[PDB]
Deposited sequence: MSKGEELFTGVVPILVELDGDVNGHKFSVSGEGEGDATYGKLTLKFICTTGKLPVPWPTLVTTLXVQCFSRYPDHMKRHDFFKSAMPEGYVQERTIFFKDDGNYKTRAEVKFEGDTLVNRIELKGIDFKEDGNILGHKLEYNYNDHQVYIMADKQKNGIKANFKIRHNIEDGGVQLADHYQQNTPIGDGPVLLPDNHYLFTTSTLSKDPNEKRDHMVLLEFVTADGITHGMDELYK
(Lines of atoms letter the chains of each structure in order from A and count residues from 1; the text may use other names and numbers.)
(Lines give C-alpha, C1' and ligand atoms only; values in the text may rest on other atoms or scores of the structure.)
Protein backbone atom coordinates (compact mmCIF):
# COMPACT_ATOMS: atom_id res chain seq x y z
CA UNK A 1 0.00 0.00 0.00
CA UNK A 2 1.10 3.53 -0.82
CA UNK A 3 -0.16 4.79 2.53
CA UNK A 4 2.57 2.79 4.25
CA UNK A 5 5.17 4.97 2.52
CA UNK A 6 3.96 8.00 4.53
CA UNK A 7 4.06 6.64 8.11
CA UNK A 8 7.24 8.57 8.93
CA UNK A 9 9.03 11.73 7.77
CA UNK A 10 9.48 11.70 3.98
CA UNK A 11 12.01 13.89 2.13
CA UNK A 12 10.53 16.05 -0.63
CA UNK A 13 12.00 17.38 -3.89
CA UNK A 14 10.23 19.91 -6.13
CA UNK A 15 11.45 20.75 -9.62
CA UNK A 16 9.62 23.28 -11.80
CA UNK A 17 10.48 24.41 -15.31
CA UNK A 18 8.56 27.54 -16.18
CA UNK A 19 7.87 29.88 -19.07
CA UNK A 20 5.56 32.87 -18.53
CA UNK A 21 5.13 35.20 -21.53
CA UNK A 22 8.53 33.97 -22.75
CA UNK A 23 10.27 34.65 -19.44
CA UNK A 24 11.86 31.26 -18.73
CA UNK A 25 12.87 30.21 -15.23
CA UNK A 26 13.49 27.23 -12.99
CA UNK A 27 12.57 26.60 -9.36
CA UNK A 28 13.90 23.90 -7.04
CA UNK A 29 12.46 22.99 -3.65
CA UNK A 30 13.73 20.70 -0.91
CA UNK A 31 12.35 19.75 2.48
CA UNK A 32 10.28 17.10 4.19
CA UNK A 33 6.70 16.12 4.85
CA UNK A 34 4.99 14.42 7.76
CA UNK A 35 1.58 13.06 6.71
CA UNK A 36 0.95 11.77 10.24
CA UNK A 37 0.42 15.37 11.40
CA UNK A 38 0.02 16.88 7.92
CA UNK A 39 3.06 19.17 8.04
CA UNK A 40 5.28 20.30 5.15
CA UNK A 41 8.53 22.25 5.46
CA UNK A 42 10.10 23.33 2.17
CA UNK A 43 12.57 25.90 0.88
CA UNK A 44 12.35 27.00 -2.77
CA UNK A 45 14.99 28.84 -4.80
CA UNK A 46 14.71 30.46 -8.20
CA UNK A 47 17.83 28.85 -9.64
CA UNK A 48 17.89 30.95 -12.83
CA UNK A 49 17.89 34.44 -11.30
CA UNK A 50 15.03 36.68 -10.19
CA UNK A 51 11.64 34.94 -10.28
CA UNK A 52 9.61 36.61 -13.07
CA UNK A 53 6.28 36.08 -11.23
CA UNK A 54 5.43 36.54 -7.51
CA UNK A 55 6.23 33.62 -5.22
CA UNK A 56 2.65 33.32 -3.82
CA UNK A 57 1.31 32.60 -7.30
CA UNK A 58 3.31 29.34 -7.41
CA UNK A 59 2.34 27.90 -4.01
CA UNK A 60 -0.54 25.73 -5.26
CA UNK A 61 1.63 24.47 -8.12
CA UNK A 62 4.70 23.69 -5.94
CA UNK A 63 1.76 17.47 -2.91
CA UNK A 64 -1.64 16.77 -1.41
CA UNK A 65 -0.51 13.24 -0.56
CA UNK A 66 0.84 14.78 2.66
CA UNK A 67 -2.62 15.73 3.96
CA UNK A 68 -3.51 14.25 7.33
CA UNK A 69 -6.35 11.84 6.55
CA UNK A 70 -8.17 10.79 9.74
CA UNK A 71 -8.69 7.12 10.57
CA UNK A 72 -12.28 6.74 9.32
CA UNK A 73 -11.38 8.13 5.85
CA UNK A 74 -8.06 6.38 5.16
CA UNK A 75 -9.60 4.29 2.37
CA UNK A 76 -10.65 7.55 0.64
CA UNK A 77 -7.01 8.59 0.10
CA UNK A 78 -6.43 8.64 -3.65
CA UNK A 79 -3.17 10.58 -3.37
CA UNK A 80 -1.26 8.18 -1.14
CA UNK A 81 -2.57 4.99 -2.68
CA UNK A 82 -1.35 6.02 -6.11
CA UNK A 83 2.20 5.71 -4.61
CA UNK A 84 4.96 4.76 -5.35
CA UNK A 85 4.01 4.86 -9.05
CA UNK A 86 2.43 8.27 -8.43
CA UNK A 87 -0.09 10.52 -10.08
CA UNK A 88 -0.29 13.21 -12.73
CA UNK A 89 -1.56 16.62 -11.58
CA UNK A 90 -2.86 19.04 -14.19
CA UNK A 91 -4.21 22.54 -13.60
CA UNK A 92 -5.26 25.65 -15.44
CA UNK A 93 -5.11 28.82 -13.33
CA UNK A 94 -6.84 31.92 -14.66
CA UNK A 95 -5.69 35.19 -13.10
CA UNK A 96 -8.59 37.64 -13.28
CA UNK A 97 -8.02 40.41 -15.86
CA UNK A 98 -4.58 38.89 -16.60
CA UNK A 99 -2.92 35.78 -18.03
CA UNK A 100 -3.14 32.14 -17.11
CA UNK A 101 -0.92 29.27 -16.00
CA UNK A 102 -1.19 25.77 -17.41
CA UNK A 103 0.70 23.22 -15.29
CA UNK A 104 1.42 19.53 -15.65
CA UNK A 105 3.11 17.68 -12.82
CA UNK A 106 4.02 14.16 -11.87
CA UNK A 107 4.14 13.32 -8.16
CA UNK A 108 5.89 10.03 -7.42
CA UNK A 109 8.55 8.35 -5.34
CA UNK A 110 12.15 8.32 -6.58
CA UNK A 111 14.08 6.21 -4.15
CA UNK A 112 12.72 7.25 -0.75
CA UNK A 113 12.07 10.82 -1.92
CA UNK A 114 8.63 12.08 -2.88
CA UNK A 115 9.23 14.15 -6.05
CA UNK A 116 6.94 16.82 -7.53
CA UNK A 117 8.16 17.61 -11.07
CA UNK A 118 6.29 20.38 -12.88
CA UNK A 119 6.11 22.01 -16.27
CA UNK A 120 4.46 25.44 -16.17
CA UNK A 121 3.47 27.59 -19.14
CA UNK A 122 1.93 31.04 -18.65
CA UNK A 123 0.44 33.12 -21.46
CA UNK A 124 -1.52 36.36 -21.99
CA UNK A 125 -0.06 38.19 -18.98
CA UNK A 126 0.18 41.96 -18.91
CA UNK A 127 3.76 43.12 -18.46
CA UNK A 128 2.67 45.85 -16.01
CA UNK A 129 -0.03 43.73 -14.36
CA UNK A 130 0.01 42.38 -10.83
CA UNK A 131 1.95 39.22 -11.77
CA UNK A 132 4.71 40.19 -14.18
CA UNK A 133 4.89 43.54 -12.36
CA UNK A 134 5.40 41.92 -8.93
CA UNK A 135 2.53 43.79 -7.27
CA UNK A 136 1.40 41.07 -4.85
CA UNK A 137 2.08 40.97 -1.10
CA UNK A 138 4.41 38.23 0.16
CA UNK A 139 1.78 36.32 2.14
CA UNK A 140 -0.97 33.81 1.54
CA UNK A 141 -4.73 33.39 1.85
CA UNK A 142 -5.37 29.68 1.95
CA UNK A 143 -8.55 28.16 0.58
CA UNK A 144 -10.28 24.84 1.10
CA UNK A 145 -10.17 22.35 -1.78
CA UNK A 146 -13.21 20.09 -2.36
CA UNK A 147 -11.78 16.86 -3.79
CA UNK A 148 -14.34 15.01 -5.93
CA UNK A 149 -14.13 11.60 -7.51
CA UNK A 150 -13.39 12.16 -11.18
CA UNK A 151 -16.54 10.04 -11.34
CA UNK A 152 -15.90 9.77 -14.99
CA UNK A 153 -12.23 8.90 -15.48
CA UNK A 154 -10.58 7.13 -12.63
CA UNK A 155 -8.89 9.89 -10.64
CA UNK A 156 -10.01 13.17 -9.05
CA UNK A 157 -10.86 16.78 -9.90
CA UNK A 158 -11.41 20.05 -8.03
CA UNK A 159 -11.90 23.73 -8.70
CA UNK A 160 -11.35 26.59 -6.30
CA UNK A 161 -10.32 30.22 -6.02
CA UNK A 162 -7.14 31.58 -4.45
CA UNK A 163 -7.01 35.27 -3.53
CA UNK A 164 -3.72 37.21 -3.60
CA UNK A 165 -3.60 40.54 -1.78
CA UNK A 166 -2.36 43.39 -3.99
CA UNK A 167 0.17 45.82 -2.50
CA UNK A 168 -1.59 48.98 -3.71
CA UNK A 169 -5.03 47.68 -2.69
CA UNK A 170 -7.52 44.95 -3.39
CA UNK A 171 -7.24 41.33 -4.32
CA UNK A 172 -6.00 39.37 -7.35
CA UNK A 173 -8.14 36.30 -8.06
CA UNK A 174 -6.52 33.07 -9.28
CA UNK A 175 -9.20 30.63 -10.44
CA UNK A 176 -7.95 27.01 -10.18
CA UNK A 177 -9.15 23.99 -12.18
CA UNK A 178 -7.48 20.69 -11.32
CA UNK A 179 -7.44 17.10 -12.57
CA UNK A 180 -5.40 14.19 -11.19
CA UNK A 181 -4.99 10.70 -12.62
CA UNK A 182 -2.93 7.73 -11.46
CA UNK A 183 0.24 6.99 -13.38
CA UNK A 184 0.13 3.29 -12.52
CA UNK A 185 -2.53 0.82 -13.52
CA UNK A 186 -3.13 -0.80 -10.14
CA UNK A 187 -6.43 -0.22 -8.36
CA UNK A 188 -7.40 3.29 -7.38
CA UNK A 189 -9.29 4.21 -4.24
CA UNK A 190 -11.56 6.84 -5.81
CA UNK A 191 -12.48 8.81 -2.70
CA UNK A 192 -15.80 10.06 -1.57
CA UNK A 193 -15.88 13.82 -1.96
CA UNK A 194 -14.09 15.62 0.88
CA UNK A 195 -12.32 18.83 1.83
CA UNK A 196 -8.62 19.57 2.22
CA UNK A 197 -7.82 22.41 4.64
CA UNK A 198 -4.42 24.13 4.41
CA UNK A 199 -2.53 26.77 6.39
CA UNK A 200 0.55 28.14 4.61
CA UNK A 201 3.18 30.53 5.96
CA UNK A 202 5.74 32.19 3.69
CA UNK A 203 8.99 33.50 5.10
CA UNK A 204 12.57 34.27 4.10
CA UNK A 205 15.91 32.73 5.01
CA UNK A 206 18.02 35.65 6.34
CA UNK A 207 21.19 33.94 5.10
CA UNK A 208 19.96 33.20 1.56
CA UNK A 209 21.10 35.64 -1.13
CA UNK A 210 19.13 34.03 -3.97
CA UNK A 211 15.49 34.70 -4.79
CA UNK A 212 13.68 32.23 -2.59
CA UNK A 213 10.62 31.21 -0.58
CA UNK A 214 10.52 29.38 2.75
CA UNK A 215 7.19 27.62 3.14
CA UNK A 216 5.61 25.90 6.13
CA UNK A 217 2.27 24.17 5.59
CA UNK A 218 -0.27 22.31 7.68
CA UNK A 219 -2.89 20.28 5.83
CA UNK A 220 -5.75 18.03 6.90
CA UNK A 221 -8.62 16.21 5.19
CA UNK A 222 -12.18 16.30 6.56
CA UNK A 223 -15.23 14.07 6.05
Check: Could you list, start to end, the deposited-sequence stretches with no C-alpha atoms?
Finding: 1-2, 65, 227-236
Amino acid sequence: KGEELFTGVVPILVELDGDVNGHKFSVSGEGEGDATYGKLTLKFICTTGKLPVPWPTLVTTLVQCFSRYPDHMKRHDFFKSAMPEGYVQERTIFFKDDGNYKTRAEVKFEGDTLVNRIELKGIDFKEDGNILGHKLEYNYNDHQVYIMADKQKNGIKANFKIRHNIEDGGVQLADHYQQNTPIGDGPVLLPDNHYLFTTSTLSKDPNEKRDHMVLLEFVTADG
From here on, numbers count along this sequence of modelled residues.
Notebook entry, point to check: With respect to the recorded C-alpha B factors, which stretch has the higher mean value, 48-56 or 65-73?
Noted result: 65-73
Margin query: Using only C-alpha atoms and the B-factors in the entry, which stretch averages higher, 153-161 or 32-40?
Written below: 153-161
Check: Based on what the PDB entry reports, which of 81, 113, 92, 139 has the top C-alpha B-factor?
Finding: 81
Margin query: Among 183, 174, 196, 166, where is the Cα B factor highest in this entry?
Written below: 183
Check: Thinking about Cα B factors across the chain, which third does residue 207 belong to?
Finding: highest
Margin query: Per the entry's values, where does residue 126 land by CA temperature factor relative to the rest of its chain, in the lowest, middle or highest third?
Written below: highest
Checklist line | residue 146 CA temperature factor, ranked by third within the chain | finding: highest
Notebook entry, point to check: With respect to C-alpha B-factor, does residue 219 fall in the lowest, middle or highest third of the chain as deposited?
Noted result: middle
